[PDB]
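# Summary of structural features
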There are 2 protein chains.
Amino acid sequence: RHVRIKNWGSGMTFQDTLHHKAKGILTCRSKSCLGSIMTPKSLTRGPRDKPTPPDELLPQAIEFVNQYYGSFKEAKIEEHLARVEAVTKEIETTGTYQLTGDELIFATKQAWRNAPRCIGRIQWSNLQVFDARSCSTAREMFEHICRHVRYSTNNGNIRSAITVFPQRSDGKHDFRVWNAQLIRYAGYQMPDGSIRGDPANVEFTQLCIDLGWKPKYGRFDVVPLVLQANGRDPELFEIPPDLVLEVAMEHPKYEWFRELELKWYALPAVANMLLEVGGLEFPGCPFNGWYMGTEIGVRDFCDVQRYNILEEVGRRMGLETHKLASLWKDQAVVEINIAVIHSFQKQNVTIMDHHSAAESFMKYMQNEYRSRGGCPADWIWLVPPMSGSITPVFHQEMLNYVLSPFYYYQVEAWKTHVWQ
Amino acid sequence: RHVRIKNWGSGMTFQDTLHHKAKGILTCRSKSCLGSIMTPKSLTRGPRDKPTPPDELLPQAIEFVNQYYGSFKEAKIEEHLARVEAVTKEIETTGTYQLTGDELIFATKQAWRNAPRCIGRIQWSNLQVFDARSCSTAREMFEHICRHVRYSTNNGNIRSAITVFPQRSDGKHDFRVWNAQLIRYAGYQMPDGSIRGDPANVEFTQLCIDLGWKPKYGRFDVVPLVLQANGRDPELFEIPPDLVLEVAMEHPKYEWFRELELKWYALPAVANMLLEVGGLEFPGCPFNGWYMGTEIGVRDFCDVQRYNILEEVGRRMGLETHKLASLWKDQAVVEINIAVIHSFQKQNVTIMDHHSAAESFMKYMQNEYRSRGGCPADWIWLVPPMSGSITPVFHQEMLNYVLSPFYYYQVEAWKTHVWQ
Ligand code: HEM
Ligand code: HEM
Ligand SMILES: C[C@H](O)[C@H](O)[C@H]1CNC2=NC(N)=NC(=O)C2=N1
Ligand SMILES: C[C@H](O)[C@H](O)[C@H]1CNc2nc(N)[nH]c(=O)c2N1
Ligand SMILES: [Zn+2]
């Protein structure tokens, strides 16, 4: 009982059976589709008070094992039986189990593939897995994070990597990075109420400030890392500036663009999500890829609740800023995006334009239906926030479902954290 | 219970209660969201062979009367309940019922209001309803439609209007327009293998040629209306040229845009949908509004399966069309859309840009929540094909659901027509 989906631009169709393996968690019903909801609690894995009862954990562990051994081109039936026995007992003995280093590598790459809002999934097999499950202290987390950052930054030739911290035990000893991103700029509410820097980051910058960080009141101040080790209250650590590559924004025809004095960091890294694997939850697993120009050019720079430079750019381009119908906003957003693309390239830092990205995703999607008869995808997030129908993705019908392993959101740590 | 949704670019939130009155017909399960499917069977109201079982009909009939009568600030229980009585008898006796003139006006507007994929809904209360439920012939249908086209074109000052043809009886005497739109250009499969005109219309165009129309082999040849009266084989009727307002495409600065020799028609009218009202189905109800610039500039002119002029425009613009990262496709699509809105304005024909349209939709969405505690909306359809996040609609979370009255899809007539 597959579900046929079609691409109205190429006529290509896929039959989807994989969604049958999905968890019955989405909130859509016959009466209503809630697909445009950003952070549904269906895509959220929140805080635990007790450890997962072992009996409850057993079935999911075996399923992951079966899934792990199932990825084997050349089946290891014997190794497979062994491992299933090993896990059953380990859970029987320790109430939990540890993934081998290879099962973790597999689990990380698979959760990326099962990430329906990620357009960069064609690179799913190129992922550096930093095993940091041995971790015990906030300082150690800091060092693992700087290693990751130096690795992935790689002097501009950005590389993907994930750092997996210790798995959740009882939920009272979680290893989590409170930051949404590893690198992110601060936002400050000035004494008169106005905001300087990234307005989306005002709340968290205050937390940092409340924890001892010295505010610098600039437009682009990298906030410090707020690390929670072993469920202890978090500690601040500042990424050494030499590990933070940044790009100054210039525009290939507009000399004055440089006067805007804009820049953005090279490393996109999600730090506050939870990796789910065979029943196990990993509350700390920062991961990164490289940038899709539109994230900076359209969202970071043009969202009204972010940097909001559209008005000022339209004005400098000499556009009919007074009427919507002149499409000045659309001319501005394109030039800003050309700037972003042009600047990273100039400085030799990895960045992909939304067209090449979408074309790579179509390729990935086809490979997925070919290999596993399915590819969970969220149309709303995959389609670029600029030139939608100009991309193949816009014209692609998709199915959105949650498989396993999966990268879930969590409740923001400060919201749940009991300070001691 | 309600469902709270929020706009991330304004902070406004709504609490949806209306969704409970929606029809449980969406195919989204907990295990899968297929909201990106374009023509789902859940949104399709197909053919019949028997009349609607009166037992099934009656409740939907009553519900409608209640809704209708409930729509007055000044209530009238006497009149209301009597109309419930009347409709009961009618269905009991006749096995069906007939709406009043005012009820039909209410149903059409209310169905428009309940049209999730419509960004134009703020205008929902301004709709001219051409009653033609007495219609009996193909020429008569053609005459009602010519009246409709003339009223709506209004010399460029476009007006919204719907023409309701007789309600379906037993499914064997459906009054229907086979064409998707009232006005649309033809697509020809040329001998050298190329396609001339609108490629998306090659199939319907061949159908017309098969029914006896003389193909003109031009790029913008209006196809003949293919009209089915009382279930009879369809009959062709070409709309008087003088009744077809068109706009020659020109760009405000690019003098060579005229060399492209493009033009488009001013009246957009969905000709093949089904109006559902209290159990009643009206397979023929052509409606129209005015154009949102993007439909023509991004979709009709830029889809690769349509006119696909992106490449030559980019070339004419002197862009690095060989490099996707140059964002040449983005610069070209912006100028194409500026030509569109410029040309319509210059020729004094009604058209609305996507920022202005998106803005009005937000105004409408709020009124709706204040009014009925709901507003079914399809995010995927409502977000313009270009510059998505620059518009407030992108940042708006929505609930998509099916209410009554409602405009559904139908299986294309030819796929089901038994030629007598
Ligand atoms: C290989 C280069 C990569 C590119 C270009 C890329 C690009 C993107 C983009 C453009 C988004 C949309 C997010 C937004 O707009 O907020 C996204 C989301 C996401 N990416 Fe990828 N990504 C890459 C690698 C990765 C890796 C390695 C992982 C996990 C190991 C990953 C996991 C995710 C997840 C989980 C989301 C959803 C985030 C959310 O819910 O906010 N990505 N990515
Ligand atoms: C008042 C000016 C109007 C504007 C600017 C407008 C604009 C639009 C746009 C841009 C779409 C998306 C279509 C696409 O891209 O395929 C749409 C869809 C739709 N409109 Fe509106 N519209 C208007 C009036 C109306 C009226 C008066 C009705 C009904 C009497 C209506 C019913 C619909 C329906 C049912 C759809 C869904 C079409 C489909 O499923 O293909 N619209 N409209
Ligand atoms: C596959 C995908 O659902 C389709 O390409 C959709 C996307 N959104 C859309 N939106 C609008 N307004 N018209 C379309 O034809 C359309 N096509
Ligand atoms: C409300 C709506 O779901 C929200 O604006 C979404 C739309 N699509 C998106 N897509 C991406 N990639 N990133 C986002 O933050 C969003 N936001
Ligand atoms: Zn859904």
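About the thresholds
Residues numbered from 1 in each chain as written, not as in the entry; some residues may be left out. Chains lettered and ligands numbered in written order. Heavy atoms only, no water. Least-squares fit on C-alpha atoms. Contact = heavy atoms within 4.5 Å. Pairing = 2+ DSSP bridges. Helix = DSSP H or I, 4+ residues; strand = E, 2+ residues; numbered from the N terminus. Axes fitted to C-alpha atoms, helices over the stretch in contact; angles between N-to-C directions. Near = heavy atom within 4 Å. Polar contact = N/O pair within 3.5 Å; in protein donor to acceptor, adjacent residues only side chain to side chain. Nonpolar A, V, L, I, M, F, W, Y, C, P; charged D, E, K, R; others polar. Domains from an automatic or database assignment. Buried area = accessible area lost by both parts, 1.4 Å probe. Salt bridge = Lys/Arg side-chain N within 4 Å of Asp/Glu carboxyl O. Buried < 20%, exposed > 50% of the residue type's maximum accessible area, 1.4 Å probe, protein only. Donors = N, O, S within 2.8 Å, 3.2 Å for Na, K, Ca; no water. Tetrahedral: all angles 85-135°; square planar, octahedral: opposite > 155°, others 65-115°. Expected span 1.5 Å × (residues − 1). Parallel < 35°, antiparallel > 145°, perpendicular 65-115°, else oblique. Patch = residues over 30% accessible without salt bridge, like charges linked within 9 Å, V, L, I, M, F, W, Y side chains within 5 Å. Areas by Shrake-Rupley, 256 points an atom, 1.4 Å probe, with all protein chains shown as cover.

Going by the header, the method for this PDB entry is X-ray crystallography, and the resolution given is 2.250 Å.

Per the PDB entry, chain A carries the name INDUCIBLE NITRIC OXIDE SYNTHASE and comes from Homo sapiens. This entry carries the title "HUMAN INDUCIBLE NITRIC OXIDE SYNTHASE WITH INHIBITOR".

Attention now goes to the relation of the copies chain B and chain A. In screw terms, the move from chain B to chain A is a rotation of 179° and a rise of 0.1 Å along the axis, fitting with an RMSD of 0.4 Å. The transformation just described matches what one would write down for a two-fold rotation axis. Of the interface residues in chain B, 96% have counterparts in chain A that sit at the interface too, so the contact is made through matching surfaces.

The next thing to look at is the sheet that holds strand β8 (residues 225–228) of chain A. Residues and elements named next belong to chain A. In spatial order, the strands read β5-β8-β9; together these three strands make up an open sheet with antiparallel pairing. This sheet does not close on itself; its edge strands, each paired only once, are β5 (176–177) and β9 (235–237). In the sheet, β5 pairs with β8 via two bridges, with the strands oriented antiparallel. Within the sheet, the bridge partner assigned to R176 lies in β8 and is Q228. Strands β5, β8 and β9 of the sheet are contacted by helix α4 (residues 138–153), whose axis makes an angle of about 130° with β8.

Attention shifts here to the site of ligand 2. Residues and elements named next belong to chain B. Around ligand 2, the structure places 18 residues, and the nearest of them are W112, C118, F287, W290 and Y409. The side chain of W112 places a nitrogen or oxygen atom 3.4 Å from a nitrogen atom of ligand 2. The residue makeup of the shell around ligand 2, split by class, is 11 nonpolar, five polar and two charged.

On to the sheet that holds strand β4 (residues 161–164) of chain B. All names here are of chain B. Spatially, β3-β4-β15-β12 is the arrangement adopted by the four strands of the open sheet, whose pairing is mixed. Of all the strands in the sheet, just β3 (128–131) and β12 (269–270) have a single pairing partner and so form its edges. Taken together, the two bridges between β4 and strand β15 (residues 287–288) define a ladder with antiparallel strand orientation. Considered in β15, the bridge of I162 is made with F287. The strands that helix α3 (residues 101–113) touches are β3 and β4; relative to β3, the one it contacts most, it runs at about 130°.

The next thing to look at is the domain arrangement of chain A. Residue and element names in this part refer to chain A. Partitioning chain A into domains gives domain 1 (16–133 + 160–170 + 274–288 + 358–382), domain 2 (134–159 + 174–245 + 409–413) and domain 3 (246–268 + 291–356). Counting from both sides, the interface comprises 19 residues of domain 2 and, opposite them, 15 residues of domain 3. Of the roughly 1,600 Å² buried at the junction of domain 2 and domain 3 (both faces included), carbon and sulfur atoms supply 59%. Among the residues domain 2 hides against domain 3, the three largest losses belong to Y185, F220 and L245. Together they make up 38% of the total. Where domain 2 packs against domain 3, one counts two salt bridges.

What follows is about the pattern of salt bridges. As enumerated under the stated definition, the model contains 52 salt bridges over all chains in all. One salt bridge in this structure joins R306 of chain B and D300 of chain B, with 2.8 Å as the shortest N-O distance. Exposure remark for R306 of chain B: the relative accessible area of 12% places this residue in the buried category. One connected set of salt bridges, linked through shared partners, spans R45, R48, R168, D174, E276 and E281 of chain A.

Here we take up the coordination of the zinc ion (ligand 5). For the zinc ion (ligand 5), every protein donor is listed as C28 of chain A (SG), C33 of chain A (SG), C28 of chain B (SG) and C33 of chain B (SG), and the spread of their distances is 2.2 to 2.4 Å. Relative to the metal, the four donor atoms surrounding the zinc ion (ligand 5) lie at angles of 106 to 116°, and the coordination shape comes out tetrahedral. Here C28 of chain A and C33 of chain A have matching classes, each one buried.

Turning our attention to the interface of chain B and chain A. With 67 residues of chain B at the contact, the number on the chain A side is 64 residues. Between chain B and chain A the total buried area reaches about 5,300 Å² when both faces are included, carbon and sulfur atoms providing 59% of it. Looking at the side of chain B facing chain A, the largest losses of area belong to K31, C33 and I390 of chain B, adding up to 11% of the total buried there. Taken together, chain B and chain A are joined by zero salt bridges. Where chain B packs against chain A, one counts 25 residue pairs in polar contact.

What follows covers the site of ligand 1. Residues and elements named next belong to chain A. Surveying the vicinity of ligand 1 reveals 18 residues, the closest of which are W112, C118, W290, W381 and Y409. At a separation of 3.5 Å, a nitrogen atom of ligand 1 approaches a polar side-chain atom of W112. With respect to ligand 1, the side chain of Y409 contributes an N or O atom lying 2.6 Å from an oxygen atom. A class-by-class count of the residues in the shell around ligand 1 yields 11 nonpolar, five polar and two charged.

What follows is about helix α8 (residues 328–346) of chain B. Residue and element names in this part refer to chain B. Across its 19 residues, α8 extends 27 Å between first and last C-alpha, which sits within 8% of the 27 Å expected from 1.5 Å per residue. Most of α8 is tucked away, with 16 of its 19 residues classed as buried. Following α8 by one or two positions, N348 adopts a phi angle in the positive range, close to 55°.

Okay, the packing of helix α7 (residues 310–317) of chain A against helix α8 (residues 328–346) of chain A next. All names here are of chain A. Contact pair α7 / α8: the axes reach a minimum separation of 9 Å and the direction vectors enclose 95°. One finds that α7 runs roughly perpendicular with respect to α8. Across the interface between the two elements, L310, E311, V313, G314 and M317 from α7 touch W328, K329, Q331, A332, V333, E335 and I336 from α8. Across the contact of α7 with α8, the residue classes break down as seven nonpolar, two polar and three charged.

What follows concerns the side chain of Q60 of chain B. Residue and element names in this part refer to chain B. Of note, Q60 is situated in helix α1 (residues 54–69). Accessibility expressed as a relative area gives 19% for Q60, which makes it buried. A polar contact of 3.2 Å, which involves the side chain of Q60, links it to the backbone oxygen of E56.

Here we take up a nonpolar patch on the surface. A grouping of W8 of chain A together with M38 and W381 of chain B is seen on the molecular surface, where their side chains present a nonpolar patch of about 290 Å² in accessible area. Mapped onto the elements, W381 of chain B comes out in helix α10 (residues 379–382).

Each regular strand displays side chains that alternate between the two surfaces of the sheet. Residue and element names in this part refer to chain A. Alignment of strand β1 (residues 3–6) against strand β2 (residues 13–16), held across four bridges, turns out to be antiparallel. Across the sheet, residue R4 finds its bridge partner in β2, namely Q15. Between β1 and β2, which pair antiparallel and follow one another directly, the connecting turn spans six residues, one of which, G11, has a positive phi of 80°.

With that out of the way, let us pick up the coordination of the iron atom of ligand 1. For the iron atom of ligand 1, the protein supplies a single donor, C118 of chain A (SG), at a distance of 2.4 Å. Here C118 of chain A is to be found in the loop between α3 (101–113) and β3 (128–131).

The next thing to look at is unusual backbone geometry. Here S404 of chain A and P405 of chain A are connected by a cis peptide whose omega angle stands at 0°. Assignment of secondary structure puts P405 of chain A in the loop between α10 (379–382) and β18 (406–408). For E261 of chain B, which is not a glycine, the phi torsion comes out positive at approximately 55°. Summarising the element assignment, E261 of chain B is placed in the loop between β10 (246–248) and β11 (263–265). A residue is classified by how much of its surface remains accessible, and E261 of chain B, at 52% relative accessible area, is exposed.

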